[PDB]
Every structure is written in structure tokens, then in C-alpha cells.
Amino acid sequence: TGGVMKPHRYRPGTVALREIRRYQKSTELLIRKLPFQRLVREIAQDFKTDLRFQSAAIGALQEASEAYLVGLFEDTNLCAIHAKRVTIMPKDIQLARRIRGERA
Amino acid sequence: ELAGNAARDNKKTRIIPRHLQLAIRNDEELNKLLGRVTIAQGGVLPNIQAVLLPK
Amino acid sequence: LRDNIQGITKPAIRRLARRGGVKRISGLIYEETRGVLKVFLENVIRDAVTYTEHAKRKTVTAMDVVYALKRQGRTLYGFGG
Amino acid sequence: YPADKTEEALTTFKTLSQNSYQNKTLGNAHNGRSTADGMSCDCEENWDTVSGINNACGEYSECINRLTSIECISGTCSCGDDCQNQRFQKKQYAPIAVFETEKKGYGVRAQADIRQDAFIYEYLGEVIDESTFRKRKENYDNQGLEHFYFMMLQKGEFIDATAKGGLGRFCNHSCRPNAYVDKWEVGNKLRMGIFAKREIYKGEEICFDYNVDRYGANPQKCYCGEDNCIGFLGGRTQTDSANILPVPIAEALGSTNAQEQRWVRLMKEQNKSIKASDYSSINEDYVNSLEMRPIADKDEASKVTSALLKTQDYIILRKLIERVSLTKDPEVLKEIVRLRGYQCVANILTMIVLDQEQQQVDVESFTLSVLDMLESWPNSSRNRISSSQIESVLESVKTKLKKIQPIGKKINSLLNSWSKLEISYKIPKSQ
Amino acid sequence: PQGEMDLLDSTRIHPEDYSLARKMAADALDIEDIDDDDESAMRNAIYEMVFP
Ligand SMILES: Nc1ncnc2c1ncn2[C@@H]1O[C@H](CSCC[C@H](N)C(=O)O)[C@@H](O)[C@H]1O
Ligand SMILES: [Zn+2]
Ligand SMILES: [Zn+2]
Ligand SMILES: [Zn+2]
């Protein structure tokens, strides 16, 4: 009789609310540097090649993309809350972009 | 002034972009003036919705 | 470089949504976030590229990026603007 | 009610007011990563001037830290000192008593009515590493102790309640428990608390689900008395090759941990698919490939009867009936009669030769393989059959499969033999 | 109940009627799996009747 009682798992939302507080308190970059840099180079390749990208330009692009995505997710959370849901769906993303004017 | 005060509540002697973002976004008229600007390494103000919380 | 749009991984976009105060994430949303991120990056990269091409340069600098962002009403502080 | 055994239970171990640590590194929150920016709730201190009690961070307050299972620390949080979210630190346990149960030994009862979601008692013990846990487990197995006293605080870190701990070690397992264990963060440390899943009245026993990992240990029968009891204490076993079928059912087929190991080791490691641990789907190939040996133990006969009452699979029943055919010990057969094996065999017949999920030739082979031991078992009185009325099922199946004349003739011989038996006299009772 | 000592050794019942007393006790407790030849079940039944 040497068995061990298990601590079970957390409820859905508890670790979510914890990590919400943790990411809203801290300020580090959430997108990995090298895959984002490769993605930026892939997008820039389509117009004209042999285009070198300074580290500061890549960092500015990353900061702008993170700010845009955070604002869009705040608006999409407001959309989901308005529809009596707690889970965001792509339809809220499309509606937020529509009302913001980014999507025609 | 507002950034130094916000740093003072954080028990810090170093002004960082986080304190600047806190000072700008927590003041109504400053938020109105600097509406369409993103502060690099500023982060986001802690905001959790009321009905988002469990009961 | 071949199809590195998958480099924006699922935990990373989960973190980005989590900073916005979102509690639950649908399984189909990730492709939509990748698409809108691609669209935004496409627009800003295009504007930065033509800014650089007008300047007779071969390397995109941070000033072109901040200029392009500020021209789209997305003014960025901290990078020499 | 039962006599109180609180002091007697306390004398059996070294009472602790707080968790003890083997070393200062173990038990630290965030795997030892000191969160210097400790999570401070924005609650304003609500001091009731009459009672002098700080009502901030209460049960029905909106304290974020309370929701996220984090305790407020005095001098760091805006809620002030002595808030209502210092339950672990203030040690405000629910009032409980110890009473001797009929079969489970000492058990914990509520001395007062306890609200839903209320903190009952902090599980206390020594925080130990994995090697120390293994050494203590081996020592206790050598000592022959028949009681669990280990709980997993987190990965690689366990809590032992054998020699030192608190009253929580006397809580008994219930398959429909009224309380549950939860993990909380107090400062830079991790605690395990026990909370009320429902409303509990005074005098009622306080129980929680053990969800016990055996780590290869043998099953222990569960005597909780709950209607939803599974009959044994357990939980998801070792990561692979550990179980293909439920124990009683596996041991009914003569299979053990070695035979359940061998099949998976021979195929899964050699690029052939075996699904995860799930007993909802029976793998017929394993049951066919299993070896069969005669039964000579009555507990194995009880496990066989449980397997008959539980398993619906055609192939498992085929192999159990074949094993019974190999079995020829009269005492085990008398035990099966006491367990009313005929009652189970009636349903086993009905599911296969009245309900038709199989082919008539294979069902005929099954019927010929199941009539033989029915013909062979010792019988002395129709009182045995009367507990099952399996003769009715035999008539129904000989009438349905009337074209298969060997089955009909065997059932003729069987009912002729059974009809010769008298009925055991049962004393009439007043009405 | 299966021990060396016996419940009925503290009564006036003669040892030739011990199985009779155990059959009375078993039939009184509404048991139906009982068989007359099973002395063990008889002893269990009488033990649970006299000392539940
Ligand atoms: N419902 C139950 N049925 C049978 N045994 C139980 C049980 N709940 C707990 N136990 C036993 O109690 C052990 C936990 S320790 C509980 C206190 C201990 N029985 C004592 O009185 O000293 C388990 O390992 C098991 O052996
Ligand atoms: Zn609080
Ligand atoms: Zn508090
Ligand atoms: Zn049980």
C-alpha cells in the first residue's frame, strides 16, 4: 500500500486567469525573433530581393505587430462579451475589422 | 511628473517605458491626446472584465 | 524561405490573445490571426519598401518603418522618430 | 453515535502545526523562481469598527488572488493585514472529530455544519523528494502497513503523512466524495488544502477522492459503501503495457501484470498498433492469444463472477468459459454456485444466442463450448437452478436454434438430468 | 465464525441439534444461497443472527 494520491488538475480558467495577470504585468516580446524575422523577409521578398533588414527595423515591426494584435484581441473580446460568450470566434475578428474600417 | 509618481508606487527609482505607458494611459486627457500612439516596451494596463470572472 | 507563416506558433498567438484579456480561444481562430497579421505586415512592409526604393538604398532602416507606420496613423515612439 | 477517538488518533503520530521541509529548495512556488513582483490584490481594506475584523478579500468579495488560488500576504498587499484570504496562514481549520468506523478504522466527522466551498483542513506532512519517497515506501511495505499516507504535492515532490502530519490523514476514500483536495499558492510556497464540494451537516463523515496512483502496487478493495463504487482503490496505472483489461476481468482470464506486459512488449515495440489504456473497447486478439489455466482459488472464482456480471464482450466470455472447462476443482464450482454462476451464464447465453451480434456457426460453437461444464458441474438440488431459472433460457435457445439438433439434444440431456434433482426445503415464514 | 469455539456451546441445545439450530438461523435470515451441506455458511448465518 505505497500508492500516491494525485493532486488532480486545475479548473479551466484558473491557470488562464493566472497567465492573464502574468502576461498583463510583464512586458517582454511574445513573438519569437527569428521566425518573425523570416516571415518579414518572406513578405519583403515578393517586391524586390537583395533587401537587407536592420535589427532596429525588425524590432519596430515586431512591436507594431504586437500592439496591433493586442488591440484587435481586446476589441474581439469585447465582441465576444457582447454576444453572451466567453470564447472568441473568427466571426468576431471579422466584425471587429469591419467596424474598425480595416476590412471593407 | 505622472511617470515619476507611477514609478514611486512601483517602489522603483528607474523610469522605464512601462511607467511612461502607465502614466499616459491612466490619465484621461493624456490618453485622449496620445490616442493613436504605441509605446515601445510599454505593455498593457491590467484590465479584467467583470462578467469574465467566475461566480 | 518557404511558407514560414507557421512560425507564428500556437502558444505565441495564445499569449498575444491572453494579453488582451481573452479567457478562451477557439480552434479555428489561429489561421484568421495569421491572415490578419500577414495583411498588416504586407501593408507596412510595402510602404517601407517603396520608402527605401525612393531613397536609392538597398537596406530598409528603422526610420522608413517608423515613417510608414506613422503615415498609417500608427505612430511609434522610441525608435528615433 | 460512535464514541470519539480524537485524542487516541492524535497519540498515534507527531502532530504538526505546519508542513515540514526536507530542505529549503523543495516546495517553492514556480519551481523556485522567486516572483519578486508578488501578485498584490487591489482590494481596499474593509475594517468593521465594531468587531475590529478586516473583512477585505472575503468569500463573496471580488478578490482576484482568491479566485486564482493565491493567498494575500500581510505587508505586501493593498488588502492590509488580517484579511479574509489568509486561511492557510491563520490555520482557521473547520471543527472536526475522529470516530472509529466499522471497517475503515479512524475517520473524520464534521463537528459543525460546513458551507459549500469552505476550507475544511490543510493536509499536513513532510515535504520529501522522490528518492526519500521510494525509501520510505519500501520501508513501509516491509513493515506491512495497509494504509496510504502519500500525496503528490507536484512533480517530483511528495508529502508523507505517516509519522508526522495532521488530522487530514484520517479522511477515508469515497467514490462519491463530499470534499476534494486542491492546490493553492501561499507566498513563495505551495500548499494542499481540502474544500467542501457541497453542504455538509454535523456528524457526517468528511471524505475525498484519493485518485491514487498504485505505481504497480496491487489493488485494494473499496468498502466505502457508495452505490457508485468501482470496488477497488485505484487510478491510471503506469504509462504503457500496465493493463489491457480491468484487473478483476484480467485476473479472471488468468492474465496478470506479466501477461499484460508481454503482449504489448511483443507487438507495440515492433511496429504494431495497440491503443491507449481504455476498457470501453475490448481487443479480441489479446483475449484469443491469452493462455488459460484451471482455477483452484475461490477469490479467482469471485473475480470470474464479477467479470461475467461486467464484461459484455463475446470473446472474453468465450475464453472465460473455456478456462472454466479446463477448471475441474469441485470447491471452486461450489463457490460459483454460491455466487450463482448459473445466473450470469443465463445472461451470457442470452446476449449471444438470443441477441445476434455474431454468426450462427460461431454461436453454435460457443453454445457447444458452454453446455459442457453445465453438464459437468456437481448439482444436488433444484434450489441452485431456482436462483437463476436458466432452464427457461435453455428452452428459449433450443427453440430458437431448433435446426441445430446437437444443441437441442444436449439441452434435452441437461434438463433431464436437472429435473431428477429435488428442491431444498425452505421453512415457511409467517405472513 | 469458523473458529474452534461455538456459539451453541453456551446454550442448552444438544450437539446433535447444532445443524438443526443453524438451519433455523439461516432460514430465519431469508438466505437463499444456503445449502444444507455447507456448514460454513450455516455458521456464518447463525453468527450474524446472534452477533450482528
Ligand atoms: N473506503 C475505504 N474502504 C476501505 N479502506 C479504506 C477506505 N478509505 C480508506 N481506507 C483505508 O485507509 C487508508 C487511508 S489512511 C485513513 C486512516 C486509517 N484507516 C486509520 O484509521 O488509521 C487506505 O490506504 C485504506 O487502507
Ligand atoms: Zn484581495
Ligand atoms: Zn487579502
Ligand atoms: Zn468505493
# chains A, B, ... in the order shown; residues from 1 in each chain; ligands from 1
>>> residues_around(residues="residue 6 of chain C", least_positions_apart="5", cutoff="12 Å", atoms="only C-alpha atoms", output="PDB file with N, CA, C and O atoms, in the first residue's frame")
ATOM      1  N   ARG A  32       8.472  35.028 -31.257  1.00  0.00           N
ATOM      2  CA  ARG A  32       9.876  34.662 -31.380  1.00  0.00           C
ATOM      3  C   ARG A  32      10.556  35.519 -32.442  1.00  0.00           C
ATOM      4  O   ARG A  32       9.969  35.821 -33.485  1.00  0.00           O
ATOM      5  N   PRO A  35      11.716  33.393 -36.221  1.00  0.00           N
ATOM      6  CA  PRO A  35      10.603  33.143 -37.163  1.00  0.00           C
ATOM      7  C   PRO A  35       9.899  34.396 -37.658  1.00  0.00           C
ATOM      8  O   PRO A  35       9.502  34.448 -38.830  1.00  0.00           O
ATOM      9  N   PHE A  36       9.729  35.406 -36.798  1.00  0.00           N
ATOM     10  CA  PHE A  36       9.133  36.664 -37.240  1.00  0.00           C
ATOM     11  C   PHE A  36      10.025  37.369 -38.254  1.00  0.00           C
ATOM     12  O   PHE A  36       9.527  37.955 -39.222  1.00  0.00           O
ATOM     13  N   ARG A  38      12.152  35.886 -40.304  1.00  0.00           N
ATOM     14  CA  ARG A  38      11.999  35.127 -41.545  1.00  0.00           C
ATOM     15  C   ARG A  38      10.690  35.463 -42.250  1.00  0.00           C
ATOM     16  O   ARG A  38      10.650  35.543 -43.482  1.00  0.00           O
ATOM     17  N   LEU A  39       9.602  35.622 -41.489  1.00  0.00           N
ATOM     18  CA  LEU A  39       8.315  35.996 -42.076  1.00  0.00           C
ATOM     19  C   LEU A  39       8.374  37.377 -42.727  1.00  0.00           C
ATOM     20  O   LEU A  39       7.837  37.575 -43.826  1.00  0.00           O
TER      21      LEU A  39
ATOM     22  N   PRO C  11       1.160  28.567 -29.223  1.00  0.00           N
ATOM     23  CA  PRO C  11       1.332  29.234 -27.917  1.00  0.00           C
ATOM     24  C   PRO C  11       1.624  30.725 -28.003  1.00  0.00           C
ATOM     25  O   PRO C  11       1.177  31.466 -27.123  1.00  0.00           O
ATOM     26  N   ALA C  12       2.358  31.186 -29.022  1.00  0.00           N
ATOM     27  CA  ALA C  12       2.669  32.611 -29.142  1.00  0.00           C
ATOM     28  C   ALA C  12       1.414  33.443 -29.395  1.00  0.00           C
ATOM     29  O   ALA C  12       1.205  34.484 -28.755  1.00  0.00           O
ATOM     30  N   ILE C  13       0.576  33.010 -30.341  1.00  0.00           N
ATOM     31  CA  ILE C  13      -0.651  33.746 -30.623  1.00  0.00           C
ATOM     32  C   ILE C  13      -1.618  33.604 -29.445  1.00  0.00           C
ATOM     33  O   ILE C  13      -2.398  34.523 -29.155  1.00  0.00           O
ATOM     34  N   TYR C  30      -6.780  30.639 -35.214  1.00  0.00           N
ATOM     35  CA  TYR C  30      -5.344  30.831 -35.431  1.00  0.00           C
ATOM     36  C   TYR C  30      -5.016  31.191 -36.877  1.00  0.00           C
ATOM     37  O   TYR C  30      -4.161  32.049 -37.130  1.00  0.00           O
ATOM     38  N   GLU C  31      -5.688  30.546 -37.835  1.00  0.00           N
ATOM     39  CA  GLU C  31      -5.493  30.885 -39.242  1.00  0.00           C
ATOM     40  C   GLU C  31      -5.952  32.308 -39.537  1.00  0.00           C
ATOM     41  O   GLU C  31      -5.327  33.016 -40.336  1.00  0.00           O
ATOM     42  N   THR C  33      -5.964  34.885 -37.332  1.00  0.00           N
ATOM     43  CA  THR C  33      -4.952  35.792 -36.787  1.00  0.00           C
ATOM     44  C   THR C  33      -3.695  35.817 -37.648  1.00  0.00           C
ATOM     45  O   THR C  33      -3.088  36.880 -37.840  1.00  0.00           O
ATOM     46  N   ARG C  34      -3.283  34.655 -38.167  1.00  0.00           N
ATOM     47  CA  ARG C  34      -2.152  34.609 -39.089  1.00  0.00           C
ATOM     48  C   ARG C  34      -2.436  35.410 -40.357  1.00  0.00           C
ATOM     49  O   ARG C  34      -1.562  36.128 -40.854  1.00  0.00           O
ATOM     50  N   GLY C  35      -3.665  35.315 -40.874  1.00  0.00           N
ATOM     51  CA  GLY C  35      -4.036  36.076 -42.059  1.00  0.00           C
ATOM     52  C   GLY C  35      -4.022  37.579 -41.842  1.00  0.00           C
ATOM     53  O   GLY C  35      -3.507  38.330 -42.676  1.00  0.00           O
ATOM     54  N   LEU C  37      -2.415  39.227 -39.473  1.00  0.00           N
ATOM     55  CA  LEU C  37      -1.025  39.617 -39.245  1.00  0.00           C
ATOM     56  C   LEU C  37      -0.257  39.706 -40.556  1.00  0.00           C
ATOM     57  O   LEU C  37       0.539  40.632 -40.754  1.00  0.00           O
ATOM     58  N   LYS C  38      -0.501  38.756 -41.469  1.00  0.00           N
ATOM     59  CA  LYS C  38       0.101  38.800 -42.798  1.00  0.00           C
ATOM     60  C   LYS C  38      -0.330  40.041 -43.570  1.00  0.00           C
ATOM     61  O   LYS C  38       0.489  40.667 -44.246  1.00  0.00           O
TER      62      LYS C  38
END
>>> interface_residues(of="chain A", to="chain D", cutoff="12 Å", atoms="only C-alpha atoms", output="ChimeraX atom specification")
/A:1-22,24-26
>>> write_last_selection(atoms="N, CA and C atoms", output="PDB file, in the first residue's frame")
ATOM      1  N   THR A   1       0.827  -1.202   0.000  1.00  0.00           N
ATOM      2  CA  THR A   1       0.000   0.000   0.000  1.00  0.00           C
ATOM      3  C   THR A   1       0.864   1.256   0.000  1.00  0.00           C
ATOM      4  N   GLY A   2       1.734   1.363  -0.999  1.00  0.00           N
ATOM      5  CA  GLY A   2       2.621   2.500  -1.130  1.00  0.00           C
ATOM      6  C   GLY A   2       2.182   3.519  -2.162  1.00  0.00           C
ATOM      7  N   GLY A   3       0.904   3.488  -2.543  1.00  0.00           N
ATOM      8  CA  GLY A   3       0.412   4.354  -3.595  1.00  0.00           C
ATOM      9  C   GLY A   3       0.391   5.821  -3.204  1.00  0.00           C
ATOM     10  N   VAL A   4       0.209   6.667  -4.217  1.00  0.00           N
ATOM     11  CA  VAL A   4       0.250   8.116  -4.063  1.00  0.00           C
ATOM     12  C   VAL A   4      -1.081   8.699  -4.520  1.00  0.00           C
ATOM     13  N   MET A   5      -1.645   9.588  -3.705  1.00  0.00           N
ATOM     14  CA  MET A   5      -2.849  10.311  -4.078  1.00  0.00           C
ATOM     15  C   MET A   5      -2.489  11.464  -5.010  1.00  0.00           C
ATOM     16  N   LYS A   6      -3.300  11.642  -6.080  1.00  0.00           N
ATOM     17  CA  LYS A   6      -2.907  12.651  -7.054  1.00  0.00           C
ATOM     18  C   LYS A   6      -3.516  14.012  -6.717  1.00  0.00           C
ATOM     19  N   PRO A   7      -2.810  15.103  -7.031  1.00  0.00           N
ATOM     20  CA  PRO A   7      -3.336  16.447  -6.755  1.00  0.00           C
ATOM     21  C   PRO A   7      -4.413  16.912  -7.718  1.00  0.00           C
ATOM     22  N   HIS A   8      -4.770  16.085  -8.712  1.00  0.00           N
ATOM     23  CA  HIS A   8      -5.744  16.369  -9.767  1.00  0.00           C
ATOM     24  C   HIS A   8      -5.291  17.563 -10.599  1.00  0.00           C
ATOM     25  N   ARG A   9      -6.204  18.159 -11.352  1.00  0.00           N
ATOM     26  CA  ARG A   9      -5.865  19.236 -12.267  1.00  0.00           C
ATOM     27  C   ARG A   9      -6.591  20.507 -11.858  1.00  0.00           C
ATOM     28  N   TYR A  10      -6.199  21.615 -12.476  1.00  0.00           N
ATOM     29  CA  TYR A  10      -6.862  22.870 -12.179  1.00  0.00           C
ATOM     30  C   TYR A  10      -8.153  22.970 -12.980  1.00  0.00           C
ATOM     31  N   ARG A  11      -9.046  23.835 -12.514  1.00  0.00           N
ATOM     32  CA  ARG A  11     -10.241  24.129 -13.278  1.00  0.00           C
ATOM     33  C   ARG A  11      -9.873  24.909 -14.539  1.00  0.00           C
ATOM     34  N   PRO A  12     -10.634  24.740 -15.619  1.00  0.00           N
ATOM     35  CA  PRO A  12     -10.458  25.609 -16.794  1.00  0.00           C
ATOM     36  C   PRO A  12     -10.772  27.058 -16.457  1.00  0.00           C
ATOM     37  N   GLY A  13      -9.777  27.927 -16.643  1.00  0.00           N
ATOM     38  CA  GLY A  13      -9.892  29.342 -16.361  1.00  0.00           C
ATOM     39  C   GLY A  13      -8.995  29.836 -15.242  1.00  0.00           C
ATOM     40  N   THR A  14      -8.689  28.980 -14.263  1.00  0.00           N
ATOM     41  CA  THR A  14      -7.834  29.392 -13.149  1.00  0.00           C
ATOM     42  C   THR A  14      -6.412  29.677 -13.620  1.00  0.00           C
ATOM     43  N   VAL A  15      -5.810  28.722 -14.338  1.00  0.00           N
ATOM     44  CA  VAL A  15      -4.479  28.924 -14.895  1.00  0.00           C
ATOM     45  C   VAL A  15      -4.542  29.942 -16.027  1.00  0.00           C
ATOM     46  N   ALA A  16      -5.692  30.026 -16.702  1.00  0.00           N
ATOM     47  CA  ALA A  16      -5.903  31.064 -17.706  1.00  0.00           C
ATOM     48  C   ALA A  16      -5.880  32.454 -17.084  1.00  0.00           C
ATOM     49  N   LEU A  17      -6.599  32.654 -15.974  1.00  0.00           N
ATOM     50  CA  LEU A  17      -6.604  33.960 -15.311  1.00  0.00           C
ATOM     51  C   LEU A  17      -5.249  34.291 -14.695  1.00  0.00           C
ATOM     52  N   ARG A  18      -4.545  33.271 -14.193  1.00  0.00           N
ATOM     53  CA  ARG A  18      -3.187  33.447 -13.685  1.00  0.00           C
ATOM     54  C   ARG A  18      -2.265  33.975 -14.776  1.00  0.00           C
ATOM     55  N   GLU A  19      -2.189  33.249 -15.894  1.00  0.00           N
ATOM     56  CA  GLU A  19      -1.354  33.676 -17.010  1.00  0.00           C
ATOM     57  C   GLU A  19      -1.835  34.989 -17.640  1.00  0.00           C
ATOM     58  N   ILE A  20      -3.137  35.316 -17.553  1.00  0.00           N
ATOM     59  CA  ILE A  20      -3.614  36.653 -17.930  1.00  0.00           C
ATOM     60  C   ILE A  20      -2.927  37.722 -17.094  1.00  0.00           C
ATOM     61  N   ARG A  21      -2.932  37.546 -15.767  1.00  0.00           N
ATOM     62  CA  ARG A  21      -2.269  38.510 -14.887  1.00  0.00           C
ATOM     63  C   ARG A  21      -0.770  38.573 -15.158  1.00  0.00           C
ATOM     64  N   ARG A  22      -0.150  37.411 -15.384  1.00  0.00           N
ATOM     65  CA  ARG A  22       1.290  37.351 -15.618  1.00  0.00           C
ATOM     66  C   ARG A  22       1.691  38.055 -16.912  1.00  0.00           C
ATOM     67  N   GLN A  24      -0.167  40.353 -18.549  1.00  0.00           N
ATOM     68  CA  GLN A  24      -0.512  41.766 -18.470  1.00  0.00           C
ATOM     69  C   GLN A  24       0.377  42.537 -17.504  1.00  0.00           C
ATOM     70  N   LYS A  25       1.105  41.847 -16.628  1.00  0.00           N
ATOM     71  CA  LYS A  25       2.042  42.525 -15.743  1.00  0.00           C
ATOM     72  C   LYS A  25       3.414  42.703 -16.384  1.00  0.00           C
ATOM     73  N   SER A  26       3.857  41.722 -17.161  1.00  0.00           N
ATOM     74  CA  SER A  26       5.173  41.726 -17.783  1.00  0.00           C
ATOM     75  C   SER A  26       5.100  42.269 -19.209  1.00  0.00           C
TER      76      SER A  26
END
>>> residues_around(residues="residue 74 of chain A", least_positions_apart="6", cutoff="8 Å", atoms="only C-alpha atoms", output="PyMOL selection string")
chain C and resi 20-22
>>> write_last_selection(atoms="C-alpha atoms", output="mmCIF file, in the first residue's frame")
data_model
loop_
_atom_site.group_PDB
_atom_site.id
_atom_site.type_symbol
_atom_site.label_atom_id
_atom_site.label_comp_id
_atom_site.auth_asym_id
_atom_site.auth_seq_id
_atom_site.Cartn_x
_atom_site.Cartn_y
_atom_site.Cartn_z
ATOM 1 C CA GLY C 20 -5.831 41.263 -24.395
ATOM 2 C CA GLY C 21 -7.812 39.682 -21.561
ATOM 3 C CA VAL C 22 -9.233 36.740 -23.520
#
>>> residues_near_ligand(ligand="ligand 4", cutoff="12 Å", atoms="only C-alpha atoms and all ligand atoms", output="list in words")
residues 104, 172, 173, 174, 175, 176, 177, 207, 208, 209, 210, 211, 220, 221, 222, 223, 224, 225, 226, 227, 228, 229, 230, 231, 232, 233 and 234 of chain D
>>> residues_near_ligand(ligand="ligand 3", cutoff="9 Å", atoms="only C-alpha atoms and all ligand atoms", output="short mmCIF file (atom, residue, chain, number, x, y, z; two decimals) with C-alpha atoms, in the first residue's frame")
data_model
loop_
_atom_site.label_atom_id
_atom_site.label_comp_id
_atom_site.auth_asym_id
_atom_site.auth_seq_id
_atom_site.Cartn_x
_atom_site.Cartn_y
_atom_site.Cartn_z
CA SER D 40 -0.94 42.05 -4.96
CA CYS D 41 -4.74 42.22 -4.96
CA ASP D 42 -6.22 45.70 -5.44
CA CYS D 43 -8.77 45.19 -2.62
CA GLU D 44 -9.27 48.05 -0.18
CA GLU D 45 -9.16 47.03 3.48
CA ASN D 55 -13.41 41.94 6.09
CA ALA D 56 -11.40 42.51 2.88
CA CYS D 57 -10.85 39.59 0.46
CA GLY D 58 -13.88 37.67 1.69
CA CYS D 63 -10.52 39.41 -4.70
CA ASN D 65 -5.96 36.48 -5.74
CA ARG D 66 -8.64 34.36 -4.02
CA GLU D 71 -3.21 33.88 -0.57
CA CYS D 72 -2.71 37.52 0.37
CA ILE D 73 0.49 38.30 2.28
CA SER D 74 0.41 40.94 5.02
CA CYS D 77 -0.98 43.60 -0.49
CA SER D 78 -3.35 46.57 -0.53
CA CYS D 79 -5.92 44.48 1.40
CA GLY D 80 -3.99 45.14 4.63
CA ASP D 81 -3.28 42.77 7.47
CA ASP D 82 -5.68 40.06 8.71
CA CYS D 83 -7.73 39.92 5.51
CA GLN D 84 -10.17 37.09 4.81
CA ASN D 85 -7.80 35.33 2.37
CA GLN D 86 -5.20 34.15 4.89
#
>>> interface_residues(of="chain C", to="chain A", cutoff="6 Å", atoms="only C-alpha atoms", output="ChimeraX atom specification")
/C:4,7,12,17-20,22,24-26,29,58-62
>>> closest_atom_pairs(of="chain C", to="chain B", cutoff="6 Å", atoms="only C-alpha atoms", output="CSV")
residue,atom,partner,partner_atom,distance
C:74,CA,B:37,CA,5.9
C:75,CA,B:37,CA,4.9
C:76,CA,B:38,CA,5.4
C:77,CA,B:39,CA,5.6
>>> write_last_selection(atoms="N, CA, C and O atoms", output="compact mmCIF listing (two decimals), in the first residue's frame")
# COMPACT_ATOMS: atom_id res chain seq x y z
N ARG C 74 -0.38 55.05 -37.02
CA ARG C 74 0.10 54.10 -36.03
C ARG C 74 1.48 54.51 -35.54
O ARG C 74 2.44 53.74 -35.59
N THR C 75 1.58 55.78 -35.13
CA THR C 75 2.84 56.41 -34.72
C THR C 75 3.53 55.63 -33.60
O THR C 75 2.91 55.28 -32.59
N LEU C 76 4.81 55.36 -33.79
CA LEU C 76 5.61 54.55 -32.88
C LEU C 76 6.66 55.43 -32.22
O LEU C 76 7.39 56.15 -32.90
N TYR C 77 6.72 55.37 -30.89
CA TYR C 77 7.69 56.12 -30.11
C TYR C 77 8.82 55.21 -29.67
O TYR C 77 8.60 54.05 -29.32
>>> residues_around(residues="segment 4-19 of chain E", least_positions_apart="2", cutoff="12 Å", atoms="only C-alpha atoms", output="list in words")
residues 1, 2, 21, 22, 23, 24, 25, 26, 27, 35, 36, 37, 38, 39, 40, 41, 42, 43, 44, 45, 46, 47, 48, 49, 50 and 51 of chain E
